[PDB]
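Each chain gets a letter, A, B and so on, in the order the sequences are listed, and its residues count up from 1. Side-chain atoms are counted along with the backbone in the values below, which use heavy atoms only and exclude waters and symmetry mates.
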Amino acid sequence: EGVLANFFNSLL
Amino acid sequence: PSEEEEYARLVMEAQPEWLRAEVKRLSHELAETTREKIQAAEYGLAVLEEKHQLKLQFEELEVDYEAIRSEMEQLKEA
Amino acid sequence: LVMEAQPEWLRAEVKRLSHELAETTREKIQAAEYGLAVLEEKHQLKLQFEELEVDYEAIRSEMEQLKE
């Protein structure tokens, strides 16, 4: 689920 | 007065010693929450990955099941 | 001279940090609620995987039972 990983990386 | 207008009045009318302590207090609060935010995003990537591995492991088992089942069906002609 | 009349900068800092803290808390909560959703999803999928394992064993043993 690429939306979740993108959101997660955007917070790092 | 709500807590929000009481706080607004505090900031715009308190002395510098108070303003300096609030700046300090919020700086700790923001540093801690930034730490918790980062750990939450790492947790998410970890469980996202575990889920990904489990999905592959699953689809792999699906293929092995089909192979056996395919053979059995063929065998019920004997 | 007396740039010291500077509680306006402090006041600017209080409001800056207050806003950053609020958005960082939204991002943190949002992150946590997404983590929980993946756990829920992984739980459903683990249950389905163990179902397939059982059924897999069922028809591995039901063949092999095909024994002549």
Within a strict 4.5 Å, meaning less than it, do heavy atoms of the B/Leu48 and C/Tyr34 side chains meet? no
Tell me the closest heavy-atom pair linking C/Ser61 and C/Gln65, and the distance in Å. O-CB, 3.2 Å
Most contact-rich option vs chain B, by heavy-atom pairs under 4.5 angstrom, among C/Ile29, C/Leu17, C/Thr25, is C/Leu17
Where B/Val23 and C/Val14 come nearest, the two heavy atoms and their spacing: CG2-CG2, 3.6 Å
Portion of C/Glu53 that has a non-hydrogen atom of chain B nearer than 4.5 angstrom: both
For chain B, find which of C/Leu36, C/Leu52, C/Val38 contributes the most heavy-atom pairs closer than 4.5 angstrom. C/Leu52
Looking at chain B, which one of C/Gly35, C/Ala22, C/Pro7 has the largest number of heavy-atom pairs inside 4.5 Å, strictly under? C/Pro7
What part of B/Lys76 lies closer than 4.5 angstrom to a heavy atom of chain C: side chain, backbone, both or neither? side chain
Exceeds 12 heavy-atom contacts within 6.0 angstrom, atom NZ of B/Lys55: yes
Relative to chain B, which segment of C/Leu66 carries a heavy atom at a distance below 4.5 Å: side chain, backbone, both, or neither? side chain
Count the heavy-atom pairs under 4.5 Å between each of B/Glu22, B/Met72, B/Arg20, B/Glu29 and chain C, then report the option with the highest count. B/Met72
d(B/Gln53 CD, B/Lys51 NZ) to nearest 0.5 Å is 12.5 Å
The interface call for B/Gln15 against chain C, heavy-atom contacts under 4.5 Å, is neither
Quick check on B/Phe58 against chain C: is it the side chain, the backbone, both or neither that has a heavy atom closer than 4.5 Å? both
What's the shortest heavy-atom distance between C/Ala32 and B/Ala40, and which atoms? N-CB, 4.3 Å
Side chains of C/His19 and C/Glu23: any donor to acceptor distance under 3.5 Å? yes
Heavy-atom proximity to chain C below 4.5 Å, by part of B/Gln57: both
